[PDB]
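Reconstructed Cβ throughout: ideal geometry from the backbone, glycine too, with neighbour counts over all protein chains shown. Quick note: the coordinates plus some simple rules give every number you see, no bench work behind them.
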Amino acid sequence: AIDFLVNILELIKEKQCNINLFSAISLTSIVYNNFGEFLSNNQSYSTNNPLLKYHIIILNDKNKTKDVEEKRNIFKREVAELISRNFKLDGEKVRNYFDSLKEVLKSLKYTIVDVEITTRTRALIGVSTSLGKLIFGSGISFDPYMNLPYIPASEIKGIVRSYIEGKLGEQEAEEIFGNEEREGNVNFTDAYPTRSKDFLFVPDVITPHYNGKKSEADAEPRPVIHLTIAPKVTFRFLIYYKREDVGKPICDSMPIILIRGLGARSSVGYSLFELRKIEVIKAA
Amino acid sequence: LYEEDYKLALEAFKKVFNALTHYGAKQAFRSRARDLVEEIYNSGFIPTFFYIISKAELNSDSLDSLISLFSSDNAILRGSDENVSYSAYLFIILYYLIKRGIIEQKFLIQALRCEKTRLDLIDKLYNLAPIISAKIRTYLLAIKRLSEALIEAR
Amino acid sequence: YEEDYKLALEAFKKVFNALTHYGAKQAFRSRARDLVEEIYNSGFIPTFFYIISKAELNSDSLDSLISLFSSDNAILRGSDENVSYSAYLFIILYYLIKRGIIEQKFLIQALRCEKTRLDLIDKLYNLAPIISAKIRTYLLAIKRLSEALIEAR
Amino acid sequence: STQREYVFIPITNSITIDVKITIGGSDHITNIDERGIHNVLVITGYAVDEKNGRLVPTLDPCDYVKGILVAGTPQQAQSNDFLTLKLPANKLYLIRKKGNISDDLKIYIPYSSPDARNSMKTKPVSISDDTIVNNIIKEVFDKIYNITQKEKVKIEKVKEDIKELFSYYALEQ
Amino acid sequence: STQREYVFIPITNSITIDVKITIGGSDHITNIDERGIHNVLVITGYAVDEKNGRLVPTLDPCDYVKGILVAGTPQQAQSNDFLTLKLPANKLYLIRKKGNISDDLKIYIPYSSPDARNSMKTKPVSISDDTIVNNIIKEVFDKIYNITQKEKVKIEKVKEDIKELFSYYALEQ
Amino acid sequence: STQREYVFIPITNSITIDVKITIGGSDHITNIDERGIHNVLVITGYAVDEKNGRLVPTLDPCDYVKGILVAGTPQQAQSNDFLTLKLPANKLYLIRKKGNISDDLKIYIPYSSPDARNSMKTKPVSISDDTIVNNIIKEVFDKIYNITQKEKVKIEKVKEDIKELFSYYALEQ
Amino acid sequence: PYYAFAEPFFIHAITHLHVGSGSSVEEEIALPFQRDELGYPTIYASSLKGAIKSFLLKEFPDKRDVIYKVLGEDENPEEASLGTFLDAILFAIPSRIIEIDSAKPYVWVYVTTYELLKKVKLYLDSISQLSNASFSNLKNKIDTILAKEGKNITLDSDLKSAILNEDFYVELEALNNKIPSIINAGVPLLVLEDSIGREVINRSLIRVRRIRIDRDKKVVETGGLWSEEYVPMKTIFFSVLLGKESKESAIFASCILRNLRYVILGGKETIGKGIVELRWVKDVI
RNA sequence: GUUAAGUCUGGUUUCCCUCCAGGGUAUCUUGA
């Protein structure tokens, strides 16, 4: 109902880890995309809802449209900051998930490699993913049931395999990760954040001036307020296998690729990690 | 008479394809067709519907052109090459909602052009969420095939 | 009668020649191996849309088909899958022509307009229940032919 | 256990007179079975000197050297400049293991003093330009193995694998 | 391009005299892969004279000649007047292809003038009676070839390919 | 290891009193927590001998008896016809597990000799006739679980966990 | 007693899960999940049996003959396998939820519909006739629920309304806490009318768009992009493992079906998918 | 040396699947 809509931002700032962030943003986007509508007709705005602020603030008196189109960008930045400061990380459920799963895999006779990695620079993963895409145009790889961003297991495995096949030959790479006519020998799980310093999501911006432009004559900044992942957020993920051989090239590759990129925009130094810890539990 | 999803897609895409005079508009429409059908699943028909209405940047000459496209055979979408693509995809979705009789035409053209009705349109959409979401993704998949068949890449 | 098992040989010969690069052959093999089951399960209009969407019709590569119709030294040009789908489109359209379901003149003047192409697709939509039954044995013949005459990639 | 010598394989060739046993004992652990080199070994954290081929400890984990782990003992004019280890064959970091290993070894790596007189600036050195791989078989496989041109007609296979499998980091100084 | 002396595979013992260079260059085209004899050539419309085998050309597609296309020269002495060609190496119908097509070959063939004495009626020769087969291995597959009966733990397994890959036609005069 | 003796659950009455330590201690395997009976044991290969029912041992893996485990002694007038043994709890075919029992248990099982005078044709049996459920509760459960009728208001849960949960294959001679 | 044993179990996805149906021309997604004849997710018993049997043949190498007799010989089949799996029908699926006016805050809730419970009741009612094994507890709970058919309800919490999967506003009614624990967890369990639960469930699976990177360009290959439906973690599928009378069947149902808890279903085993826990109703209802 | 006012821009573009498997084994007169 629209009642659920008008009352969504206070839900965000008063639940803060127990509201479904996927649904929360998807519903906030209906307010964001219909701004000049929710700001009319003596709405049922309480005296604490974060929207009547824009009934006070007057950014343009000559034009009724430009006032709204400015309030809308103010509101987009405000939503980015809201998500950033309210939705923080509680990583007890992730520790439980990973330790339970580790026991499960020990009960399956696997050799496990628990890997904790820490974000150094504001990271982006799944920028074309849909979380904020209806607001920011730029998403984040999010898991709407663990309610946390994550690094897909496929992505970590693909980066590791690109490295291994860069240094050991595309034939030993296929011996480790299989090919179109054989199965791989190493299995990866997604990386979920276990502990942050203060924040999980942080706003950022990208303002292309001369991207796909012919001359200085059509250059014009087009800023893109999006959300990234804070520095010092720690992700852990497991790497399990059966034949211990494939554990040798996973040992050395992992601390070498993380210092390069692990997500998007890494050629301008964004998705940079560092191997916080590694640990093998052999089960032969 | 009842036209199925693919016949409806043909009838709509024919109106659209013949309204985007600029070819860049056509290719942008193609790139919208290819991805909005997945965005609608991932986010929902209602969020994505209003996201389309916003990206269309309506309330210009870009609105009476749309309402004439429903019966003109000459109506020409105009605007930035990214606005016309979203306005065409909006016409696609409105054509479905109208032909399937899920929502009245005049109610939609009223809820588009000013604000007091946009909110009760939100409410109406939330009422008909299962009626709509049941079968619109097949119509949009048909539109996606038609688009990435009848139009070249950018 | 079993003249569809002969029309199939004609069209398959034309394709087999026109796929000058063996990768296109090995790919058209899989297309013929899949799309017949797809037409059986989903119907003709869904699978026809799924074919025309990946064939990448354009005045250049659609001419490589209108020439393939009459001529004998045409060469389907494009990527491997890009032409493995247009060869199958040619298979379909060839059956629809040599069975007089649609008029060859009405098709050729529609494979070029870039405008009456939608009208070709609609005309096809009107005949979908008929075609869905007529082309079954033709496409099964094409499938068998491809499985035999072409070795697996 | 048995002694084992590690013949590094950079583009250079400084491996002629270094070992007391050339063809080895009964067999090497590295194989040539018409599928290219097998059981080739990797060594990480060390770089080779293109002149006087020797593994130098450069603590950077990106640095690696691949070579052949042969049977032998280095000529006994040595053991003052080599590393010598007994490893249980699970510590080894092999590539294309096509057999079983004795599970406790005696490895001989050509070592070098880390040269704390000039810094250690390394540079990745691949292998290409056939004229450099033409003689790799003529130097380090016709002496190290006898299979060269008695039943080998698939020379092109081991040529291409040398051209792609073996890479390394060299100090270039 | 490169030279090619195609030997004929008879039941007779005269094939040693067509060339002194029985090896060629650096390559043998017809290989020994432990799966049999690969890269084999057979040509249609021909035959083999039973006396000093040389391909009497006819017009019969069903006829063929099953032989070994050796890489190299006919010692520059023989086949200086016979059927010889240069082919794009694709129109070279190789059976059991297991290698690289050299992209062009200059082939020499044992050819006999059409033998205009009698109406030549074909006679199918199907190799058996392994004395011919225990003979051909020593006559050429160690003199022409260089990779057989030296390392071959299997002498008769590669000898049994001849049974079911070379059954030519004759005229028996 | 402690003493936990196995009282089964028949439709009979002759096994009312067979434990010397009814209340036992806190160490009881079979428990009840308003979700019903838990940790029921089952022995496959043993058939009941309802006339003073001692589980007759046979070899048929299809013959089982579901009874509960209770702490107690065999009354010191026994061990001459029981099976008493020490399991590591890695052999306890427990139905409806509730808590992870630690390890290293010692069980006393009612046992009988085969008595091969007759021939075994065991037949399935089950529990019904709610007055018989009354008796099996009064004379077995309450004599063990005085907890019931103390802190329970839902007798129907344990009443139904004997209808379905308990069965056996009696000897039926 | 057509069957010697009937072992209905629950399938709990420890990780995300993908059993595939292969691409068709009427799905917008390349690699979709398996689907019922009604549209709900499912696990064809072909997949169930293949996965479980391939696992058992490695975990219990010495009981291999018993595995073969009960689940079918691989090569040279000379008898009909005694074992029987039914299609795993979706019991309850997570569904991300927004609600106001609830004491406990929930990020996702379990969801089921009435036709799914009717399918479960059909399975239980049908196997209690074809065997000597009735389950009068599941049946009781499920009919307790089903009596409320025709109205969205709630079992394990007090929500009067919510927005499921950010598109569907539903108005619920609580069921009395006399209902026992079914999932045996701490999460509520909505039971929606089927014409709504249909959408709410088929829009409750995760679609992960993947790519394929060009080596030398380090950019996306052309035609190297696709989507895949996984099913959320902690999804519950109900199935039955039936077995005909034999002696190997007894050793199977007493030795194998006990020491079995964790299997790997589906595909994508090497990106951390497919891990599953089997909870037997007989054991832990 | 002073007065006052900021204004403009507010994400675009590609890629949407590629390859193999398309069934295998067993069963095939008697009376008149």
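All other residues with a Cβ under 15 Å from the Cβ of E:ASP161 taken together, and with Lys, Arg as +1 and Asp, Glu as -1, what is their net charge?
Numbers: positive: E:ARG35, E:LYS66, E:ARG96, E:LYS98, E:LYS152, E:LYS154, E:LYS157, E:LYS159, E:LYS163; negative: E:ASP33, E:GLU34, E:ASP130, E:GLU156, E:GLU160, E:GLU164.
With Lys, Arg at +1 and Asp, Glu at -1, the net is +3.
Can you give the charge dipole size of the protein assembly as shown about its Cα centre, rounded to the nearest 20 debye, using +1 on the beta carbon of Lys and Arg and -1 on the beta carbon of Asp and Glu?
For this selection, approximately 1140 debye.
Exactly which trypsin sites (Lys or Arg not before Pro) in region A:234-284 are in a DSSP loop and have at most 11 other Cβ atoms within 10 Å?
Taking region A:234-284 and a limit of 11 other Cβ atoms within 10 Å, the loop trypsin sites (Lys or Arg not before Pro) found are A:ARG243, A:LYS282.
Whole angstrom only: what separates the Cα centroid of region F:130-166 from the Cα centroid of region C:91-153?
The distance from the Cα centre of region F:130-166 to that of region C:91-153 comes to 75 Å.
Per residue, what volume in Å³ does the Cα convex hull of region G:177-240 take up?
So the per-residue Cα hull volume is 174 Å³.
First check a/c for region B:27-154, with a ≥ b ≥ c the square roots of the eigenvalues of its C-alpha gyration tensor; if it is under 1.5, answer rounded, and if not, answer prolate when a/b is larger than b/c or oblate otherwise.
oblate
Quick one: which residues, 5 or more positions from G:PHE85 or on another chain, have an amide H under 5 Å from its amide H? H modelled 1.01 Å from N in the peptide plane, none for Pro or chain starts.
When sequence neighbours closer than 5 places are left aside, the close amide H contacts are G:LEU242.
Which residues does the label zone of E:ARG96 cover in region E:37-62, counting backbone N under 16 Å from a point 7 Å along Cα→Cβ?
E:37-43
Starting from the alpha-carbon convex hull of chain G, give the projected area averaged over all orientations, in nm².
Projected area, direction-averaged: 18.2 nm².
Out of B:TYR86, B:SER43, B:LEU97, whose Cα points farthest toward the positive end of the dipole of region B:5-108 (charges: +1 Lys, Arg; -1 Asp, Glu; placed on Cβ)?
Highest projection toward the positive end goes to B:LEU97.
Between A:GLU274 and A:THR47, what length in nm is gained on full extension when 0.36 nm per residue of separation is reduced by their alpha carbon distance?
Going from the current span to full extension adds 77.1 nm.
Counting pairs of Cα atoms in chain D, how many percent are more than 21 Å apart?
Across chain D, Cα pairs with separations above 21 Å total 46 percent.
In sequence order, what are the phi-derived ³J(HN,Hα) couplings for region C:111-116 according to the Karplus relation 6.51 cos²θ - 1.76 cosθ + 1.60 with θ = phi - 60°, rounded to whole Hz, with x for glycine and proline?
Values, residue by residue: 6, 10, 3, 6, 10, 6 Hz.
Please provide three numbers in whole Å: the alpha-carbon extents of the protein assembly as shown along the principal axes, with the largest listed first.
116, 104, 90
How high is the relative contact order of chain D, in percent, counting Cα pairs under 8 Å that sit 6 or more residues apart? Write down the numbers at each step before the final one.
Numbers: 341 pairs, mean separation 55.9, N = 173.
After rounding, I find 32 percent.
Please give the residues of region D:77-103, grouped as numeric ranges, whose backbone N is less than 15 Å from a label point set 7 Å along the Cα-to-Cβ vector of D:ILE17.
D:77-78
For the residues B:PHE49, D:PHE82, what sequence is obtained by ranking on other C-beta atoms within 10 Å, fewest first?
Arranged by neighbour count, lowest to highest, B:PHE49, D:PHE82 become D:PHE82, B:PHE49.
Using only Cα atoms, tell me the angle between helix A:92-106 and the longest principal axis of chain A; keep it within 0 to 90° and round to the nearest 10.
On a 0 to 90 degree scale, this one is about 20.
Sorting G:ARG203, A:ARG77, G:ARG35 on the 10 Å Cβ count, fewest up front, what's the list? Mind showing how you got there, number by number?
Values: G:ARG203 22, A:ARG77 12, G:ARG35 16.
Ascending number of Cβ neighbours within 10 Å: A:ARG77, G:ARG35, G:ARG203.
Let me test this: with uniform point scatterers at the alpha carbons of region D:1-100, what is the Debye-based log₁₀ I(q)/I(0) at q = 0.19, 0.24 1/Å?
Evaluating at q = 0.19, 0.24 Å⁻¹ gives log10 I(q)/I(0) of -1.06, -1.63.
With a sphere of radius 13 Å drawn around the Cβ of F:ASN135, what net charge do the other residues whose Cβ falls strictly inside it have (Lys, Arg +1; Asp, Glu -1)?
In short, -1.
Assuming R0 = 41 Å, what is the FRET efficiency of G:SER161 and A:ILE58, from their Cβ-Cβ distance, to the nearest 0.05?
Working: r = 37 Å, r/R0 = 0.89.
Between G:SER161 and A:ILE58 the formula returns 0.65.
Given +1 on the Cβ of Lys and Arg, -1 on the Cβ of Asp and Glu, and no further charges, what dipole in debye does chain F carry about its Cα centre, rounded to the nearest 20?
Result for chain F is approximately 200 debye, rounded to the nearest 20.
Between region G:51-126 and region E:1-57, what is the separation of their alpha carbon centroids in Å?
65 Å
Along the Cα→Cβ direction, 7 angstrom out, place labels at G:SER102 and A:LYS197. What is the inter-label distance in nm?
3.6 nm
Size of the dipole of region A:64-192 about the Cα centre, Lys and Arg at +1 and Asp and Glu at -1 on the beta carbon, nothing else charged, in debye to 20?
So the magnitude is around 880 debye.
For the protein assembly as shown, what does -39500 (n - 2.57) per DSSP helix run (n ≥ 4), summed and divided by total residues, give at 222 nm, in deg cm²/dmol to the nearest 500?
The per-residue figure over the protein assembly as shown is -9500 deg cm²/dmol.
At a Förster radius of 41 Å, what calculated FRET efficiency corresponds to the Cβ-Cβ distance of G:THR144 and G:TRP226, to the nearest 0.05?
The value I calculate is 0.40.
If amide H atoms are built 1.01 Å from N in the plane of the peptide, which residues on other chains or at least 5 residues away come under 5 Å of the amide H of E:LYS123?
Hits under the 5 Å cutoff: E:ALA170, E:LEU171.
Determine the sum of side-chain charges near B:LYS124: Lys and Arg each +1, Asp and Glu each -1, restricted to other residues whose C-beta is under 11 angstrom from that of B:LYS124.
-2
For the pair B:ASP120/F:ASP142, report the inter-label distance in nm, with labels modelled 7 Å from Cα in the Cβ direction.
In this crude spin-label approximation the distance works out to 7.0 nm.
Counting other beta carbons within 10 Å of each residue's own, what order do G:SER157, A:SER29, A:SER40 fall into, fewest first?
A:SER40, G:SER157, A:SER29
Using modelled backbone amide H atoms (1.01 Å from N, in-plane), which distant-in-sequence or interchain residues come within less than 5 Å of F:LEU83's amide H?
The answer is F:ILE109, F:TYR111.
Considering the options F:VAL7, F:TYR93, F:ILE127, tell which one lies farthest towards the positive end of the dipole of chain F, charges being +1 on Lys and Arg and -1 on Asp and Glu at the Cβ, about the Cα centre.
F:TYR93
Quote the FRET efficiency, to the nearest 0.05, computed for A:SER215 versus G:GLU269 with a Förster distance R0 of 51 Å and r equal to the Cβ-Cβ distance.
E(calc), rounded to 0.05, equals 0.45.
What list of ³J(HN,Hα) couplings, whole Hz, do you get for region D:27-37 from phi and the Karplus terms 6.51, -1.76, 1.60, once you set θ to phi - 60° and write x for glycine and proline?
So the J values, rounded to whole Hz, are 5, 7, 8, 6, 10, 9, 10, 6, 10, x, 5.
What are the ³J(HN,Hα) couplings of region C:97-105, residue after residue, when phi is run through the Karplus curve with 6.51, -1.76, 1.60 and θ = phi - 60°? Round to Hz, x for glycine and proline.
Ordered by residue, 3J(HN,Hα) equals 7, 5, 9, x, 4, 10, 7, 4, 5 Hz.
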